[PDB]
Each structure stands twice: as structure tokens, then as C-alpha cells.
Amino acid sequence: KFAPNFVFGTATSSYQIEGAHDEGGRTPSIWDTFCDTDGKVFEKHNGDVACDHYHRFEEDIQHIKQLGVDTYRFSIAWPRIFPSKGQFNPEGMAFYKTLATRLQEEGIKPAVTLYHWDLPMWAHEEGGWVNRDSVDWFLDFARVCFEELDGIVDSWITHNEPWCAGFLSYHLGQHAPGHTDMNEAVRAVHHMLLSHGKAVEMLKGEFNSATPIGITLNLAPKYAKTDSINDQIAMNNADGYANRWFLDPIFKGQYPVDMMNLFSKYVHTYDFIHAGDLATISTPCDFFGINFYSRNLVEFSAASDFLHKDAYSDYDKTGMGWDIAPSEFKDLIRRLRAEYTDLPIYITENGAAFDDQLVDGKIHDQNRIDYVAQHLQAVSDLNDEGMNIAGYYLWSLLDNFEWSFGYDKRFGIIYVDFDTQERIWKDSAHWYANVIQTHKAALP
């Protein structure tokens, strides 16, 4: 059961679906160059064509309208809007203005993500997010988006998963630009978080707008394999690296000193945190976005710099090898209310990848239906406790370019044949439409 004001939704990002990579004045992003770099992405796959959504946006709007979702979440491609530094590209902005206007016409609330990892190559070449100037480049991008789209757009999300864009990209080398440097990584994270707060301030101050704005963090709760002191330190450090490094500056206006000390094996000055920065980072928002996928069971490692490694999990697992963990999702939400925030929470991404077999114009993904149903049940149980999860966005609308895995993994509720660009609904899409329908059918 869900409340009458509960928002069902689905979501995508620009580089994962759009394609048309050198069309409409678009110039290359870090992910274009990363896909072309040897050994970084699965079988050299890229987002040149992707789901061809830039051309086929109208067909996909109908699919969204057919699902009956209250809200559609999408991201704006920075390299379409500012293909060069200081050079606005109005053709790029028109596409999004048309996309948002068409969604509104169809009774669909547009929820817009400003940054979903597609940094322009001109920005990267000046240091990217490692450079403090990146705060001001992003503000020019945001200003132009607010000025042209704030009358149409229903909600703004400044940043999607700064852990991925920051740590996974600059420390672990898995995402673009694929660096392995903790110093660059903490500087990148700080400038993303600061750009978040400057953008919120700009919307509410300069533009005098009451459009709901917030951030989205990916959160993965961390559990100790045993109750030994070592394994408690492992959990703590994993929690701090994945969660508290981002939650503390956003809601407390401080970085966790335990992680600062732990990172001091690589980071030997924090003078990049200027005075006034953490107050701006912690500027009050209208909601809090959460991307949730799984937990991580950890144990202690004497040979790890950050004192933790992954432990063996006996849980049921997705196609990615990630734990299916709705009980731990409930722990996470409870903790955020206890420790961090009383803001309305939106689950801005939840979903799963399974080995989907297309067989005779049909995809039987009972496993994806299970996953989503367990989490929606966990959302309903939490709302009965008073945890205030106002909405939920199913990731993803269609099968799309899944980053370093390429098209090898399929997260979509709608199947996509990538050589014909045919959309075929999966059983989970039918099920999800009917969940929204059955919900809507009983409400006033």
C-alpha cells in the first residue's frame, strides 16, 4: 500500500541512452575518450549510437506515458549545452526544452539531473573536477539550464552519485577519466559537492525559485563479517569511504576526521577546503535523493591501506554479483532519519541487472520482478513507520550503455535490440505499469 501523494517513476541518463554523439553541436565528453581507451570499457563499447534516444525521443515518451509513471527522470548532457568553454549551444538546449515541454503536455513531471558524469573534454583538459575552476564552469552550465528550463521542470537534481564520479573515477580508475590518485579524488569530490551548494544557492537566491532542488548520493550500507574489533574498523572505514564522506559534508557541514586521517596516507594537505565551503555544501535542500542497489559485507585486511576487503556473501545475487538486500535498505533509511536528515526521501534509482534472454519477441525476467517487488514492499513498510519516502524511480526505463560493462549488462524494464533499435517491453515493465495502475485504481 502507498499514500496518495507517493510518486512512482522511472529514470535514465543522457550518455547511456541519447547517442547522436557528434550531432546537434555536441563535442566529446570524458566518457567518449574513455570508451576509446584500451581496456577501460567492455569490448570497446561506446555511447555513439546507444539507444538512439536523441532521434527517437518521441517513441520513448509514448512508452513512458504507457507505463503511467508520475515522473520521468533524465539528465542533461553538458557537452551539448557548452560544447566549448564559454560558448552556449542553443540547438542543444532546444532538445531538452522540447523534451521537457512534451513530457508536461503528456501529464508527466520532468525530474532533471544536471550532472550524470558526462564532463566535457575541454573541462578535463584544464584538470577537470580536480581544478577548483570546475565549480564556476558547472555554475555557468547550471545557470543556463535554470534560466531556460525552470518554468517547465518539476524538480532539479544537481549531482548524481559523486562517489562514482569522484572516487570510482579518480581513485579506483574504473570510471572516466580513469585516474588512480586519492589526492585528485578528494579534490574532485569536494568541487562537485561545492558546485552542488553553489547551484542550490543560485536557484533560491538569484532566480528566486521555489522549484524543489537536491542531491542524489549512492549509498551502500556496510556490515561486519564478525563482531571482532578489526571487523568493526573495517565496517567503519568502508562506511566512511562509501557513505559518510558524502553525508557528513551535505548534512553536518564537516568531513569525518577518521576518514581524513585514514586518507592521510595519500592526502597530505586539506587546504583545498577553503573557509566558507562546507557551509555552502550544507545549504538546505528540499529533498534528499538516494540511489540504492545493495549492501557490502566486509572484513578486516592488514594489507589494505583502508583496512577492509570484501567478505564472502551467502545472499541471493543479481546478474552483477551484487547482493539482493531489502532488509539492509530498511536499516539504511532508519539510520538516515536517526543521524542525518528529516527531509523527504526519493529513491532516485533502484533496480537490477539479470541475464535477460530474448526468446521469440519476449523476455521473461521474473528475477527483476522479484527484486523490485521486495524493495517496494520495504518502502511501504518503512512509510508505515513514518520514514517519509515520498517517491521511487525504477532504474532503468530501457536497456542502455552500462558504463564500464557496456551493453553486456541490461538494467532496463524495456528491452532494446541495439542493432535494430526496436523497443520490446519486458515482463517487469508490464508488471510495473500494473503496480502503478493497481495503486492509482484504488486511490481517490
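Note that residue numbering follows the sequence shown and begins at 1.
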Subject >> Mean C-alpha B-factor comparison - 260-268 and 368-376, higher one >> reply: 368-376
**OP:** Check the entry's C-alpha temperature factors for 246-254 and 347-355, then say which stretch has the higher mean.
**Re:** 347-355
Original post:
Which third of the chain holds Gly107 when residues are ordered by C-alpha B factor: lowest, middle or highest?
Top reply: highest
Subject >> Cα B factor band for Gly151 (lowest, middle or highest third within the chain) >> reply: highest
Subject >> Third of chain Cα B-factors occupied by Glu125 >> reply: middle
Original post:
Among the modelled residues of its chain, does the C-alpha B-factor of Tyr96 lie in the lowest, middle or highest third?
Top reply: middle
**OP:** Comparing against every modelled residue in the chain, figure out the third that the C-alpha B-factor of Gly319 lands in (lowest, middle or highest).
**Re:** highest
